[PDB]
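Quick heads-up: it's one chain on its own, the form deposited in one PDB entry, in structure tokens.
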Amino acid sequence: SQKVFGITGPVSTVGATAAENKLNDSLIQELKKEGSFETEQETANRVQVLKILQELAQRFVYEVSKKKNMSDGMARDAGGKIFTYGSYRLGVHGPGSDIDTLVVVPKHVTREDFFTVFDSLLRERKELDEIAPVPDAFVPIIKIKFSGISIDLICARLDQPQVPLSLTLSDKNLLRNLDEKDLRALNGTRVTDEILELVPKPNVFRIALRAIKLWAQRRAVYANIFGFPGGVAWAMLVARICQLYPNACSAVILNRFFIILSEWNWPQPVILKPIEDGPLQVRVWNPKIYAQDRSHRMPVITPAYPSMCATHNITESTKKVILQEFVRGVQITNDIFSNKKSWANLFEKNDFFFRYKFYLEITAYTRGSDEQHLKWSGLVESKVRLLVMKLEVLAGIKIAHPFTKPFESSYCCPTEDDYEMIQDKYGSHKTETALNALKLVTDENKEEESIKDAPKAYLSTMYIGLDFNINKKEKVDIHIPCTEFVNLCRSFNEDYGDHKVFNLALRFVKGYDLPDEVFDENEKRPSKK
């Protein structure tokens, strides 16, 4: 009831002034200019797509229930229901945004049914242009594009005979007798549903969140895999501030959001309500019981039972960046509120590739199918974080800052020799021009009877910016951490040791000698100081 004001009640209950609303109006307007919002039309399409999927979910269940020899009535009554979660469910999605979707089915519908029956029902539709089923994923999923709109579909199987249209997923007992995959599948929806019910004024929250997502992206502090808060974390952080200021407008919320998160007594958790127990043998976030939990540095806790920490990955170095960025938020928003800066300023692109003197490139190379490369580089990427952690503990390392995005390229690679060379010359601007000799495969140039044919080599590169501690005279030695990292890129139940195909290289590089790929059309690379 008072749940909407969070665990300490409001900080202030005073509503917005006119001067505040004007600055809110210009925010929404900046958000519009920046293309946060899709038109009413493309939202209308989204709604219609889910309708069709809702119809198909009901059909799916109906058909399976007929196969188990229920009557017509019982098959209909068995129901089946579509829920959204993540960005779309929250009202913060953008023009290109995927809809994260969950199909809920009664006890007698398996996921083997989902990957056969539901799959073939999807294939029947004219609106279906692409479908990628991935049964053996950590969460089993079907990725589709439907009427140009991207949908991610997951399946949850309840311990219940029927899933009526009226079903909401908020009751704890919906979790009884579920296996871990099903348990996991329910969580996304229950979490985002609860955030929505834990917020005083949802439209105010929606706008504040749109602002935070843009900022986080542009300031390069949005990437879970690399040790920054992802979407749900940011959503919950924004939700927390909304509770402290129930009547504030979004402009004000952003202001108070940067001040409070920058003065937060970190590692004390941000929580949207008191963490709860339940009847199940499932791990709840609990720093008292679990050493892992205790080591979280900026914990942001999901509210749906099993409460979990949505920022496990944050490292000492990423917390430093996040905190700098909040402190920057504090100065810019106060300036906006003083008529001295615009919102455009807050959303100014980061300058990661100008801010340090040295960088550590980490490159995954593949000479093979792009499916092989996806796998190989996906593996390498997931460890970058672990490298950050080994480096950041070292005496001479002031910070190890991972950038939040890989740099992808690919070349036609007719021979083994071309492949040695790509490996040799790539990554330094001194030698980078050597690979113009090899046709650079372009997002805009993929003539299938020429380019999309030749044996191709793929590169993915992550960058860690470095700051050293140096009034001391010595060679800074970081080979152990780099070597340990390499050995972490270990072939689990698949092999990457055939260097004729996969490779891994790290390279230490001075700022001025950074690869071109790293600078935009409008950026001029730095030079020898």
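In case it trips you up, residue 1 is the first one in the sequence shown, and so on. By rigid core we mean the largest C-alpha set that fits within 1.5 Å across both forms.
The discussion below concerns the form deposited in another entry, not included here.
K.L.:
After the core is superposed, which of these residues, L394, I225, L386, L435, moves its CA 2 Å or more between this form and the one not shown?
P.N.:
Once the cores are aligned, the residue moving by 2 Å or more is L435.
K.L.:
Using the rigid core as the reference frame, would you say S295 shifts its C-alpha by 2 Å or more between this form and the one not shown?
P.N.:
No, the C-alpha moves less than 2 Å.
K.L.:
For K500, decide whether the Cα shift between this form and the one not shown is 2 Å or greater, given a superposition on the rigid core.
P.N.:
Yes: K500 shifts by at least 2 Å between this form and the one not shown.
K.L.:
Superposing on the rigid core, I want to see if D335 changes position between this form and the one not shown - specifically a Cα shift of 2 Å or more.
P.N.:
No, its C-alpha moves less than 2 Å.
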